[PDB]
């Protein structure tokens, strides 16, 4: 799909058997999801944005189905206000910006 930007670019995702809504975010290098129990081994990490930093659990090789398009990669889990699909996964589903 082609998505205009008059509204937030929210898509439906499937991760860990759970269904969520997530913002397709070209301003995010990596994917950040609100707290969830994601199976696997994880390493602590810190990430920063507007307003400061949050502590997240770094998970590698996580399967996510983004708008029906499958991708595997690093997924950060922590206290983000919103689920964010970052460029690490946008590249796998072939997402481009167009103007």
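Positions refer to the first chain, counted from 1.
### Task
Tell me which of 63 to 71 and 38 to 46 has the higher mean C-alpha B-factor in the deposited entry.
It is 38 to 46 that shows the higher mean C-alpha B-factor.
### Task
Between 54 to 62 and 23 to 31, name whichever shows the higher mean Cα B factor according to the PDB entry.
Per the PDB record, 54 to 62.
### Message
By the recorded C-alpha temperature factor, relative to the other modelled residues in its chain, which third is residue 9 in?
### Response
Answer is lowest: the recorded C-alpha B-factor places it there.
### Query
Among the chain's modelled residues, which third holds the C-alpha B-factor of residue 85?
It belongs to the lowest third of the chain when residues are ordered by C-alpha B-factor.
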